[PDB]
Amino acid sequence: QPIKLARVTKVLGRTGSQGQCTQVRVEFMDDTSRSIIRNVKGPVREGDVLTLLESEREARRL
Amino acid sequence: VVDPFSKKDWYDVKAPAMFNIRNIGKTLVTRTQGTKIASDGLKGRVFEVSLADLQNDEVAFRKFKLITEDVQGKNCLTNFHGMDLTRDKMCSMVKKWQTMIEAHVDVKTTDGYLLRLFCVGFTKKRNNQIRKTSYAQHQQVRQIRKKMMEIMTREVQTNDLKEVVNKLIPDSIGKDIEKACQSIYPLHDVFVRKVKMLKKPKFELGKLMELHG
Amino acid sequence: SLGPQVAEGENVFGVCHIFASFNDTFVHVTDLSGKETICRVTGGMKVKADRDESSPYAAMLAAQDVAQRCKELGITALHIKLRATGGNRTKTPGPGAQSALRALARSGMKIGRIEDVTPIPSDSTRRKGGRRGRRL
Amino acid sequence: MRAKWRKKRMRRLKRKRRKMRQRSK
Amino acid sequence: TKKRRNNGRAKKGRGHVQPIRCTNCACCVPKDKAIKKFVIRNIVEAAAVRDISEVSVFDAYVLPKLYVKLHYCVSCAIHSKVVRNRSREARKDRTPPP
RNA sequence: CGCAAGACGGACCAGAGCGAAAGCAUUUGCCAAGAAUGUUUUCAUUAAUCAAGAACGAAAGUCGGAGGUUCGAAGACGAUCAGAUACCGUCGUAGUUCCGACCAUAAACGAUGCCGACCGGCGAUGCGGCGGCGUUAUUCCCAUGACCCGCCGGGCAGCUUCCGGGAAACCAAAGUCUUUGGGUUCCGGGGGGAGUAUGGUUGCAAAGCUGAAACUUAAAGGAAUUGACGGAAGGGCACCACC
RNA sequence: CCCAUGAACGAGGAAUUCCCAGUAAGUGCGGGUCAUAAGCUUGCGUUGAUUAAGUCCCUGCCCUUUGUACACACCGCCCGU
RNA sequence: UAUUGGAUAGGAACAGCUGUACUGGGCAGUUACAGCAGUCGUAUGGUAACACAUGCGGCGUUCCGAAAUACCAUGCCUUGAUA
């Protein structure tokens with residue numbers, strides 16, 4: 001099984017219960033065409049990298 | 001503890017020889033061990049296979065049911081069984097502010113292949129029409145449906161089972177209805193949408209080899 | 001496991017009956033006939049929670065084991081046949097259809113012609129619920 | 001009290017009376 | 001008082017219509033009363049369509065849609081936020097939002 | 001892949017049609033009926049509304065026969081819960097279906113009697129008739145079918161007006177009303193006690209129709225206004241809130 | 001002020017308070033009270049962080065619709081054995 | 001090159017009531033605790049039997065394998081005490 005990366009290309013606001021999950025449009029580093037939407041815990045500026053432990057799950061948008 | 005997928009022999013299923021594509025694909029059945037024979041095992045199977053899989057460059061919204069009537073040793077000889085229109089095109093044609101006109105007939109060929117043909121047809125908005133609702137009155141529907149029954153029984157009673165499938169591969173029946181029923185009320189999406197073989201005569205392999213030769 | 005097929009200009013086609021209801025997901029794979037089957041893996045064989053047999057996580061594990069199993073016997077393309085609960089119940093495919101279909105192709109499978117074959121009743125029998133329905 | 005249920009209680013009262021008055025016949 | 005001129009339904013010269021069931025509940029609602037939708041939705045909307053039409057056999061395959069007509073009772077259509085409470089004057093508007 | 005039996009008539013299906021109302025939707029045939037329309041046809045007041053009386057009257061329910069798959073009063077259990085003989089879930093009997101009798105009620109609603117007269121527009125819609133550029137099919141042109149632009153009549157309705165009315169909400173009728181009178185049937189008289197008691201009558205039953213009084217009580221009520229409130233929606237905000 | 005005595009208490013259950021930068025927290029010093037006098041209160045400096053730049057999920061607040069049999073206004077009103 | 005394998009380590013749902021903390025307040029459940037109901041052993045009184053009293057002490061419970069549990073509803077009511 002792989003552990004993959006993804007760079008933050010655009011921020012999409014803030015979700016969760018208490019307003020804690022940042023919804024983010026991430027771009028993969030295998031294909032620079034393949035994008036998914038991801039929920040992130042913790043402070044995120046636009047143009048940093050995340051470690052995806054499963055590269056399959058795509059989150060519920062709004 | 002045993003391995004079930006060792007006793008599985010593959011057979012290349014072949015469409016009848018009135019098509020452009022012959023090999024449909026592979027089917028597996030168990031090896032002929034003891035009582036249960038393989039040559040009686042894969043002999044009752046239907047393959048719902050689209051027209052894009054059978055003709056050169058056709059439409060993908062018409063599926064043919066094909067039954068295997070013979071196993072010639074690593075070769076199935078598939079006979080014409082039925083025909084169906086896909087969920088997609090059938091559900092795309094049915095829209096509000098127009099009249100849907102269905103017909104059915106129970107008619108046999110020159111050989112004893114008793115079929116059941118279903119027709120559908122929808123009313124057209126004219127190329128300058130301003131009025132929205134665009135319906136047909138009951139005596140206009142009854143005359144269209146009467147001619148739908150007439151053309152279906154006409155163009156199936158004349159000829160045998162090859163010549164009616166070759167009338168369904170290009171939809172020569174549905175275009176006769178769309179042009180014949182113009183001077184009652186102009187129709188736009190007219191299809192023989194389902195054909196359902198009811199009765200079938202005693203099997204002769206000599207004349208299945210005509211459909212596979 | 002035994003296939004005499006050359007890997008030159010062939011895709012050998014199975015048929016994937018994906019029945020995504022609102023409490024489970026079936027990723028059933030057959031031959032072209034439908035009769036002889038290869039592999040079916042459900043959402044409830046991947047989680048130990050009756051809650052999450054529905055889940056979109058479990059439905060992608062079902063397709064990952066289906067695609068692992070289908071490669072060993074040697075079926076490399078799929079005719080998808082999507083399905084809901086149907087009858088006088090809901091025609092909406094459940095919340096783990098798009099997980100079981102995403103995860104199929106990305107496990108090295110080839111997608112053929114697709115169709116939504118939910119059993120639509122032309123004039124059904126009386127629906128379970130009663131006149132005033134389900135009062136939550 | 002809902003008028004249906006009030007009407008249902010006056011209905012059972014009158015079955016009780018018709019029953020208990022068919023005794024004195 | 002009388003809230004709506006038509007009594008929140010679309011029968012004017014009948015007396016009786018055929019009732020139908022809801023989808024989420026099975027509340028047996030008259031056909032002309034019910035809040036009806038007809039959604040024509042892609043089977044795989046936009047997230048998978050790249051990862052499906054690139055792992056398909058066929059050359060430029062257009063993916064088949066999912067046509068379903070959904071009937072709602074008034075009670076649920078509000079809870080599912082399909083319809084809203086509207087201002088007494090805004091109630092009269094018949095045009096749908098685009 | 002078949003097979004079997006019993007219900008149901010999807011999408012098309014509409015602020016569309018028909019019917020006295022209840023109500024009525026798969027194809028084809030048979031049976032008898034009806035509205036509107038058109039008419040230089042016919043009889044010549046034959047009409048309108050109607051105590052008593054009569055026909056039809058959803059669902060549930062009752063009786064006898066056939067049938068039973070779905071659903072499902074009662075019932076059994078599993079959940080939930082402070083208890084839950086409820087809501088949720090798994091089963092289920094009568095019933096739900098057909099035939100032949102019964103009962104006669106519903107928020108049986110437009111909470112709005114029927115027949116007739118008059119009084120503003122506007123765009124649609126259904127049915128019949130009439131007239132008129134052209135497009136389209138029957139090609140072999142006319143009459144006809146499908147569109148287009150108006151007209152007339154009857155009909156389900158819309159939008160819109162300081163007509164006018166109304167306690168307002170609202171209503172081209174709920175108008176033409178202290179400037180009160182076209183004809184006529186039913187029916188109300190503060191809230192309860194009460195559609196109760198008792199007589200009579202109807203029904204196999206359940207119950208229906210007619211139906212008081214003693215006694216009690218200063219309000220019950222209709223429409224609109226403002227505020228408060230919501231286990232109502234939309235938009236914001238606070239470390240005396242959370243993350 | 002001195003000497004002797006050397007108790008519970010091993011980071012505190014359910015619950016719960018204050019707080020986002022020289023901030024919290026630690027450690028002192030002034031003022032008031034004061035014949036005597038700071039485990040208090042009000043001010044001052046010193047050493048100096050963690051985490052957040054958010055949401056309406058809890059608790060509450062302000063607008064707009066909406067519903068109401070509430071007006072000593074939901075700690076309201078009210079039903080039956 | 002570690003599958004295993006008892007056991008004590010260690011987690012859990014189970015209740016006999018007041019009190020405190022959940023509330024603007026009340027009754028319910030709910031948790032943690034202490035006291036004593038129950039309880040076990042004990043010295044005496046008493047007797048042919050013996051089942052209790054007295055005063056003095058000890059006192060959860062069953063589970064036997066892990067525990068990352070959504071834990072919803074976090075229930076209903078609200079002075080005659082003066083407009």
# chains A, B, ... in the order shown; residues from 1 in each chain; ligands from 1

$ interface_residues --of "chain C" --to "chain A" --cutoff "10 Å" --atoms "only C-alpha atoms" --output "NGL selection string"
:C and (56-57 or 60 or 99 or 102-103 or 106)

$ residues_around --residues "residue 32 in chain H" --least-positions-apart "4" --cutoff "10 Å" --atoms "only C-alpha atoms (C1' of nucleotides)" --output "PyMOL selection string"
(chain G and resi 13-14) or (chain H and resi 21)

$ write_last_selection --atoms "N, CA and C atoms (P, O5', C5', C4', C3', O3' and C1' of nucleotides)" --output "PDB file, in the first residue's frame"
ATOM      1  P     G G  13     -10.702  14.261  39.520  1.00  0.00           P
ATOM      2  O5'   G G  13     -12.166  13.638  39.503  1.00  0.00           O
ATOM      3  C5'   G G  13     -12.368  12.234  39.264  1.00  0.00           C
ATOM      4  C4'   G G  13     -13.710  11.807  39.801  1.00  0.00           C
ATOM      5  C3'   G G  13     -14.924  12.525  39.231  1.00  0.00           C
ATOM      6  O3'   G G  13     -15.280  12.019  37.943  1.00  0.00           O
ATOM      7  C1'   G G  13     -15.145  12.240  41.584  1.00  0.00           C
ATOM      8  P     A G  14     -15.267  12.972  36.637  1.00  0.00           P
ATOM      9  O5'   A G  14     -16.753  13.541  36.592  1.00  0.00           O
ATOM     10  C5'   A G  14     -17.861  12.666  36.323  1.00  0.00           C
ATOM     11  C4'   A G  14     -19.062  13.038  37.160  1.00  0.00           C
ATOM     12  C3'   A G  14     -19.704  14.391  36.874  1.00  0.00           C
ATOM     13  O3'   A G  14     -20.520  14.384  35.703  1.00  0.00           O
ATOM     14  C1'   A G  14     -19.491  14.115  39.202  1.00  0.00           C
TER      15        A G  14
ATOM     16  P     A H  21     -25.031  21.425  46.245  1.00  0.00           P
ATOM     17  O5'   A H  21     -24.479  20.848  44.868  1.00  0.00           O
ATOM     18  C5'   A H  21     -23.128  21.104  44.440  1.00  0.00           C
ATOM     19  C4'   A H  21     -22.875  20.481  43.088  1.00  0.00           C
ATOM     20  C3'   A H  21     -23.893  20.804  41.998  1.00  0.00           C
ATOM     21  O3'   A H  21     -23.602  22.040  41.352  1.00  0.00           O
ATOM     22  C1'   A H  21     -23.444  18.472  42.019  1.00  0.00           C
TER      23        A H  21
END

$ select_by_dssp --residues "range 6-197 of chain B" --states "strand (DSSP E)" --output "ChimeraX atom specification"
/B:9-14,23-29,46-50,62-71,75-85,103-107,115-120,191-196

$ closest_atom_pairs --of "chain E" --to "chain B" --cutoff "7 Å" --atoms "only C-alpha atoms" --output "JSON lines"
{"residue": "E:64", "atom": "CA", "partner": "B:88", "partner_atom": "CA", "distance": 6.3}
{"residue": "E:65", "atom": "CA", "partner": "B:88", "partner_atom": "CA", "distance": 6.7}
{"residue": "E:67", "atom": "CA", "partner": "B:91", "partner_atom": "CA", "distance": 6.5}

$ write_last_selection --atoms "C-alpha atoms" --output "short mmCIF file (atom, residue, chain, number, x, y, z; two decimals), in the first residue's frame"
data_model
loop_
_atom_site.label_atom_id
_atom_site.label_comp_id
_atom_site.auth_asym_id
_atom_site.auth_seq_id
_atom_site.Cartn_x
_atom_site.Cartn_y
_atom_site.Cartn_z
CA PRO E 64 -25.87 7.58 -18.85
CA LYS E 65 -28.07 9.77 -16.53
CA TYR E 67 -34.11 9.87 -14.19
#

$ residues_around --residues "range 70-74 of chain B" --least-positions-apart "2" --cutoff "10 Å" --atoms "only C-alpha atoms (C1' of nucleotides)" --output "ChimeraX atom specification"
/B:9-13,26,38-40,42-44,67-68,76-79,203,205,208-209

$ write_last_selection --atoms "N, CA, C and O atoms" --output "mmCIF file, in the first residue's frame"
data_model
loop_
_atom_site.group_PDB
_atom_site.id
_atom_site.type_symbol
_atom_site.label_atom_id
_atom_site.label_comp_id
_atom_site.auth_asym_id
_atom_site.auth_seq_id
_atom_site.Cartn_x
_atom_site.Cartn_y
_atom_site.Cartn_z
ATOM 1 N N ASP B 9 -14.341 -24.759 -17.264
ATOM 2 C CA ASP B 9 -13.944 -24.737 -18.698
ATOM 3 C C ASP B 9 -14.610 -23.528 -19.369
ATOM 4 O O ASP B 9 -15.827 -23.353 -19.171
ATOM 5 N N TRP B 10 -13.841 -22.737 -20.131
ATOM 6 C CA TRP B 10 -14.308 -21.513 -20.841
ATOM 7 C C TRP B 10 -14.751 -21.873 -22.267
ATOM 8 O O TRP B 10 -14.089 -22.729 -22.892
ATOM 9 N N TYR B 11 -15.824 -21.234 -22.753
ATOM 10 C CA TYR B 11 -16.421 -21.428 -24.102
ATOM 11 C C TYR B 11 -16.657 -20.062 -24.757
ATOM 12 O O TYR B 11 -17.333 -19.215 -24.139
ATOM 13 N N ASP B 12 -16.123 -19.862 -25.968
ATOM 14 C CA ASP B 12 -16.295 -18.618 -26.766
ATOM 15 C C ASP B 12 -17.720 -18.596 -27.332
ATOM 16 O O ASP B 12 -17.990 -19.363 -28.279
ATOM 17 N N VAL B 13 -18.594 -17.763 -26.756
ATOM 18 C CA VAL B 13 -20.013 -17.600 -27.200
ATOM 19 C C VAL B 13 -20.029 -16.752 -28.477
ATOM 20 O O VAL B 13 -19.374 -15.690 -28.499
ATOM 21 N N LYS B 26 -16.352 -14.706 -23.583
ATOM 22 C CA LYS B 26 -16.225 -16.054 -22.967
ATOM 23 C C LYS B 26 -17.273 -16.216 -21.861
ATOM 24 O O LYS B 26 -17.587 -15.217 -21.183
ATOM 25 N N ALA B 38 -21.797 -30.567 -18.933
ATOM 26 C CA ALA B 38 -21.501 -29.167 -19.321
ATOM 27 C C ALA B 38 -22.369 -28.764 -20.521
ATOM 28 O O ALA B 38 -22.898 -27.637 -20.511
ATOM 29 N N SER B 39 -22.535 -29.667 -21.494
ATOM 30 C CA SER B 39 -23.300 -29.460 -22.755
ATOM 31 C C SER B 39 -24.820 -29.393 -22.512
ATOM 32 O O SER B 39 -25.542 -29.136 -23.496
ATOM 33 N N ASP B 40 -25.293 -29.630 -21.279
ATOM 34 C CA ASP B 40 -26.686 -29.344 -20.825
ATOM 35 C C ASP B 40 -26.688 -28.211 -19.784
ATOM 36 O O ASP B 40 -27.791 -27.837 -19.331
ATOM 37 N N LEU B 42 -24.714 -24.904 -19.834
ATOM 38 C CA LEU B 42 -24.649 -23.508 -20.356
ATOM 39 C C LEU B 42 -25.579 -23.346 -21.572
ATOM 40 O O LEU B 42 -25.353 -22.409 -22.366
ATOM 41 N N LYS B 43 -26.642 -24.160 -21.652
ATOM 42 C CA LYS B 43 -27.556 -24.281 -22.824
ATOM 43 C C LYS B 43 -28.857 -23.485 -22.612
ATOM 44 O O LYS B 43 -29.679 -23.471 -23.548
ATOM 45 N N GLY B 44 -29.058 -22.860 -21.444
ATOM 46 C CA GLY B 44 -30.278 -22.090 -21.116
ATOM 47 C C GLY B 44 -29.989 -20.630 -20.799
ATOM 48 O O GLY B 44 -30.860 -19.987 -20.179
ATOM 49 N N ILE B 67 -29.938 -16.344 -26.738
ATOM 50 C CA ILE B 67 -29.865 -17.666 -26.035
ATOM 51 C C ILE B 67 -28.930 -18.602 -26.806
ATOM 52 O O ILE B 67 -28.967 -18.577 -28.049
ATOM 53 N N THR B 68 -28.167 -19.431 -26.087
ATOM 54 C CA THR B 68 -27.345 -20.534 -26.653
ATOM 55 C C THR B 68 -28.257 -21.753 -26.828
ATOM 56 O O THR B 68 -28.844 -22.180 -25.820
ATOM 57 N N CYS B 76 -20.291 -22.004 -28.584
ATOM 58 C CA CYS B 76 -21.759 -21.830 -28.413
ATOM 59 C C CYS B 76 -22.335 -21.143 -29.656
ATOM 60 O O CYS B 76 -21.718 -20.168 -30.126
ATOM 61 N N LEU B 77 -23.465 -21.647 -30.162
ATOM 62 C CA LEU B 77 -24.206 -21.079 -31.319
ATOM 63 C C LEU B 77 -25.454 -20.369 -30.785
ATOM 64 O O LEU B 77 -26.472 -21.052 -30.545
ATOM 65 N N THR B 78 -25.359 -19.052 -30.594
ATOM 66 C CA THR B 78 -26.399 -18.211 -29.948
ATOM 67 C C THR B 78 -27.484 -17.886 -30.986
ATOM 68 O O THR B 78 -27.125 -17.468 -32.100
ATOM 69 N N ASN B 79 -28.754 -18.107 -30.632
ATOM 70 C CA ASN B 79 -29.949 -17.834 -31.477
ATOM 71 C C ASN B 79 -30.598 -16.534 -30.986
ATOM 72 O O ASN B 79 -30.410 -16.198 -29.798
ATOM 73 N N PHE B 203 -36.684 -27.839 -32.099
ATOM 74 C CA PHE B 203 -35.321 -27.382 -32.481
ATOM 75 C C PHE B 203 -34.766 -28.267 -33.604
ATOM 76 O O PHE B 203 -34.801 -29.504 -33.451
ATOM 77 N N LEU B 205 -31.083 -28.324 -35.786
ATOM 78 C CA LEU B 205 -29.710 -27.751 -35.782
ATOM 79 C C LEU B 205 -29.258 -27.435 -37.215
ATOM 80 O O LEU B 205 -28.387 -26.555 -37.369
ATOM 81 N N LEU B 208 -30.346 -23.852 -37.623
ATOM 82 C CA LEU B 208 -29.541 -22.960 -36.739
ATOM 83 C C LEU B 208 -28.170 -22.722 -37.391
ATOM 84 O O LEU B 208 -27.604 -21.630 -37.186
ATOM 85 N N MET B 209 -27.660 -23.705 -38.144
ATOM 86 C CA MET B 209 -26.381 -23.603 -38.903
ATOM 87 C C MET B 209 -26.532 -22.643 -40.093
ATOM 88 O O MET B 209 -25.487 -22.187 -40.596
#

$ atom_distance --atom1 "CA of residue 196 in chain B" --atom2 "CA of residue 211 in chain B"
19.1 Å

$ residues_around --residues "range 3-10 of chain A" --least-positions-apart "4" --cutoff "8 Å" --atoms "only C-alpha atoms (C1' of nucleotides)" --output "PyMOL selection string"
chain A and resi 24-29+46-55

$ interface_residues --of "chain A" --to "chain E" --cutoff "9 Å" --atoms "only C-alpha atoms" --output "list in words"
residues 34, 35, 36 and 58 of chain A

$ interface_residues --of "chain F" --to "chain B" --cutoff "9 Å" --atoms "only C-alpha atoms (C1' of nucleotides)" --output "PDB file with N, CA and C atoms (P, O5', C5', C4', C3', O3' and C1' of nucleotides), in the first residue's frame"
ATOM      1  P     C F   1     -32.382 -14.373 -17.014  1.00  0.00           P
ATOM      2  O5'   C F   1     -32.371 -15.877 -17.531  1.00  0.00           O
ATOM      3  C5'   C F   1     -33.541 -16.414 -18.154  1.00  0.00           C
ATOM      4  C4'   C F   1     -33.639 -17.899 -17.931  1.00  0.00           C
ATOM      5  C3'   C F   1     -35.048 -18.437 -17.748  1.00  0.00           C
ATOM      6  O3'   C F   1     -35.713 -18.582 -19.001  1.00  0.00           O
ATOM      7  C1'   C F   1     -33.667 -19.311 -16.054  1.00  0.00           C
ATOM      8  P     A F  11     -47.708   8.812 -12.378  1.00  0.00           P
ATOM      9  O5'   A F  11     -46.526   9.254 -13.348  1.00  0.00           O
ATOM     10  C5'   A F  11     -45.265   9.696 -12.808  1.00  0.00           C
ATOM     11  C4'   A F  11     -44.151   9.499 -13.811  1.00  0.00           C
ATOM     12  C3'   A F  11     -44.308  10.232 -15.139  1.00  0.00           C
ATOM     13  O3'   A F  11     -43.852  11.579 -15.031  1.00  0.00           O
ATOM     14  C1'   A F  11     -43.595   7.988 -15.511  1.00  0.00           C
ATOM     15  P     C F  12     -44.814  12.802 -15.427  1.00  0.00           P
ATOM     16  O5'   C F  12     -45.406  12.352 -16.837  1.00  0.00           O
ATOM     17  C5'   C F  12     -44.938  12.909 -18.079  1.00  0.00           C
ATOM     18  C4'   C F  12     -45.783  12.408 -19.228  1.00  0.00           C
ATOM     19  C3'   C F  12     -47.227  12.884 -19.249  1.00  0.00           C
ATOM     20  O3'   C F  12     -47.321  14.203 -19.782  1.00  0.00           O
ATOM     21  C1'   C F  12     -47.130  10.558 -19.733  1.00  0.00           C
ATOM     22  P     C F  13     -48.584  15.137 -19.441  1.00  0.00           P
ATOM     23  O5'   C F  13     -48.750  14.989 -17.862  1.00  0.00           O
ATOM     24  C5'   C F  13     -49.500  15.957 -17.101  1.00  0.00           C
ATOM     25  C4'   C F  13     -50.025  15.345 -15.823  1.00  0.00           C
ATOM     26  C3'   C F  13     -49.004  14.611 -14.959  1.00  0.00           C
ATOM     27  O3'   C F  13     -49.246  14.890 -13.586  1.00  0.00           O
ATOM     28  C1'   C F  13     -50.780  13.158 -15.482  1.00  0.00           C
ATOM     29  P     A F  14     -48.461  16.076 -12.861  1.00  0.00           P
ATOM     30  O5'   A F  14     -48.804  17.349 -13.759  1.00  0.00           O
ATOM     31  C5'   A F  14     -49.812  18.302 -13.360  1.00  0.00           C
ATOM     32  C4'   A F  14     -50.017  19.345 -14.436  1.00  0.00           C
ATOM     33  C3'   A F  14     -51.065  20.422 -14.140  1.00  0.00           C
ATOM     34  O3'   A F  14     -50.694  21.678 -14.703  1.00  0.00           O
ATOM     35  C1'   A F  14     -51.680  19.257 -16.088  1.00  0.00           C
ATOM     36  P     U F  27     -55.929   2.248 -22.590  1.00  0.00           P
ATOM     37  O5'   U F  27     -55.802   1.042 -23.620  1.00  0.00           O
ATOM     38  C5'   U F  27     -54.808   1.047 -24.656  1.00  0.00           C
ATOM     39  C4'   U F  27     -54.903  -0.218 -25.470  1.00  0.00           C
ATOM     40  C3'   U F  27     -56.203  -0.421 -26.232  1.00  0.00           C
ATOM     41  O3'   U F  27     -56.188   0.300 -27.466  1.00  0.00           O
ATOM     42  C1'   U F  27     -55.632  -2.415 -25.090  1.00  0.00           C
ATOM     43  P     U F 135     -46.134  28.333 -47.996  1.00  0.00           P
ATOM     44  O5'   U F 135     -45.661  27.597 -46.666  1.00  0.00           O
ATOM     45  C5'   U F 135     -44.419  27.954 -46.030  1.00  0.00           C
ATOM     46  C4'   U F 135     -44.234  27.190 -44.740  1.00  0.00           C
ATOM     47  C3'   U F 135     -44.324  25.675 -44.831  1.00  0.00           C
ATOM     48  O3'   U F 135     -43.127  25.099 -45.349  1.00  0.00           O
ATOM     49  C1'   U F 135     -45.573  26.418 -42.971  1.00  0.00           C
ATOM     50  P     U F 136     -43.198  23.885 -46.396  1.00  0.00           P
ATOM     51  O5'   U F 136     -43.813  22.697 -45.531  1.00  0.00           O
ATOM     52  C5'   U F 136     -43.100  22.168 -44.397  1.00  0.00           C
ATOM     53  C4'   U F 136     -43.943  21.167 -43.638  1.00  0.00           C
ATOM     54  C3'   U F 136     -44.587  20.053 -44.448  1.00  0.00           C
ATOM     55  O3'   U F 136     -43.656  19.033 -44.802  1.00  0.00           O
ATOM     56  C1'   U F 136     -46.177  20.931 -42.952  1.00  0.00           C
ATOM     57  P     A F 137     -43.804  18.236 -46.192  1.00  0.00           P
ATOM     58  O5'   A F 137     -44.880  17.111 -45.851  1.00  0.00           O
ATOM     59  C5'   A F 137     -44.551  16.009 -44.987  1.00  0.00           C
ATOM     60  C4'   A F 137     -45.758  15.129 -44.748  1.00  0.00           C
ATOM     61  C3'   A F 137     -46.486  14.619 -45.988  1.00  0.00           C
ATOM     62  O3'   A F 137     -45.819  13.476 -46.518  1.00  0.00           O
ATOM     63  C1'   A F 137     -48.063  15.427 -44.410  1.00  0.00           C
ATOM     64  P     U F 138     -45.862  13.156 -48.091  1.00  0.00           P
ATOM     65  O5'   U F 138     -47.352  12.642 -48.313  1.00  0.00           O
ATOM     66  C5'   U F 138     -47.790  11.376 -47.784  1.00  0.00           C
ATOM     67  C4'   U F 138     -49.295  11.255 -47.863  1.00  0.00           C
ATOM     68  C3'   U F 138     -49.909  11.397 -49.247  1.00  0.00           C
ATOM     69  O3'   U F 138     -49.794  10.176 -49.976  1.00  0.00           O
ATOM     70  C1'   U F 138     -51.175  12.641 -47.669  1.00  0.00           C
ATOM     71  P     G F 145     -60.708  17.998 -39.915  1.00  0.00           P
ATOM     72  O5'   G F 145     -59.428  17.214 -39.381  1.00  0.00           O
ATOM     73  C5'   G F 145     -58.097  17.728 -39.584  1.00  0.00           C
ATOM     74  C4'   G F 145     -57.073  16.649 -39.317  1.00  0.00           C
ATOM     75  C3'   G F 145     -55.869  17.073 -38.488  1.00  0.00           C
ATOM     76  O3'   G F 145     -56.129  17.052 -37.088  1.00  0.00           O
ATOM     77  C1'   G F 145     -55.094  16.088 -40.459  1.00  0.00           C
ATOM     78  P     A F 146     -55.888  18.370 -36.217  1.00  0.00           P
ATOM     79  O5'   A F 146     -54.307  18.542 -36.265  1.00  0.00           O
ATOM     80  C5'   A F 146     -53.434  17.510 -35.777  1.00  0.00           C
ATOM     81  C4'   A F 146     -51.997  17.977 -35.787  1.00  0.00           C
ATOM     82  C3'   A F 146     -51.737  19.411 -35.334  1.00  0.00           C
ATOM     83  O3'   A F 146     -51.676  19.526 -33.916  1.00  0.00           O
ATOM     84  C1'   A F 146     -50.614  19.032 -37.362  1.00  0.00           C
ATOM     85  P     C F 147     -51.933  20.940 -33.216  1.00  0.00           P
ATOM     86  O5'   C F 147     -50.759  21.844 -33.797  1.00  0.00           O
ATOM     87  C5'   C F 147     -50.841  23.279 -33.749  1.00  0.00           C
ATOM     88  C4'   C F 147     -49.588  23.893 -34.330  1.00  0.00           C
ATOM     89  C3'   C F 147     -49.577  25.414 -34.404  1.00  0.00           C
ATOM     90  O3'   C F 147     -49.130  26.011 -33.188  1.00  0.00           O
ATOM     91  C1'   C F 147     -49.019  24.536 -36.521  1.00  0.00           C
ATOM     92  P     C F 148     -49.901  27.276 -32.572  1.00  0.00           P
ATOM     93  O5'   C F 148     -49.801  28.361 -33.734  1.00  0.00           O
ATOM     94  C5'   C F 148     -48.539  28.962 -34.085  1.00  0.00           C
ATOM     95  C4'   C F 148     -48.723  30.026 -35.143  1.00  0.00           C
ATOM     96  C3'   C F 148     -49.762  31.097 -34.847  1.00  0.00           C
ATOM     97  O3'   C F 148     -49.210  32.117 -34.017  1.00  0.00           O
ATOM     98  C1'   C F 148     -50.032  30.312 -37.070  1.00  0.00           C
TER      99        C F 148
END

$ closest_residue --among "G:61, G:11, G:25, G:3" --to "residue 47 in chain G" --atoms "only C-alpha atoms (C1' of nucleotides)"
G:25

$ atom_distance --atom1 "CA of residue 49 in chain C" --atom2 "CA of residue 116 in chain C"
28.2 Å

$ residues_around --residues "residue 116 in chain B" --least-positions-apart "2" --cutoff "12 Å" --atoms "only C-alpha atoms (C1' of nucleotides)" --output "MDAnalysis selection string"
chainID B and resid 81:84 103:109 113:114 118:119 149 152:153 156 192:199

$ closest_atom_pairs --of "chain D" --to "chain F" --cutoff "10 Å" --atoms "only C-alpha atoms (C1' of nucleotides)" --output "Markdown table"
| residue | atom | partner | partner_atom | distance |
| --- | --- | --- | --- | --- |
| D:10 | CA | F:196 | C1' | 8.8 |
| D:11 | CA | F:207 | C1' | 9.7 |
| D:14 | CA | F:196 | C1' | 10.0 |

$ decode --residues "range 20-24 of chain D" --atoms "N, CA and C atoms" --output "PDB file, in the first residue's frame"
ATOM      1  N   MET D  20     -78.203  -2.177  29.975  1.00  0.00           N
ATOM      2  CA  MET D  20     -78.693  -2.201  31.385  1.00  0.00           C
ATOM      3  C   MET D  20     -80.197  -1.893  31.459  1.00  0.00           C
ATOM      4  N   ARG D  21     -80.813  -1.422  30.366  1.00  0.00           N
ATOM      5  CA  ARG D  21     -82.276  -1.153  30.276  1.00  0.00           C
ATOM      6  C   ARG D  21     -83.011  -2.326  29.604  1.00  0.00           C
ATOM      7  N   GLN D  22     -82.300  -3.185  28.861  1.00  0.00           N
ATOM      8  CA  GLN D  22     -82.841  -4.441  28.263  1.00  0.00           C
ATOM      9  C   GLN D  22     -82.968  -5.525  29.350  1.00  0.00           C
ATOM     10  N   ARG D  23     -82.392  -5.303  30.543  1.00  0.00           N
ATOM     11  CA  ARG D  23     -82.576  -6.155  31.755  1.00  0.00           C
ATOM     12  C   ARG D  23     -84.026  -6.070  32.247  1.00  0.00           C
ATOM     13  N   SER D  24     -84.582  -4.854  32.332  1.00  0.00           N
ATOM     14  CA  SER D  24     -85.936  -4.551  32.873  1.00  0.00           C
ATOM     15  C   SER D  24     -87.001  -4.685  31.770  1.00  0.00           C
TER      16      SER D  24
END
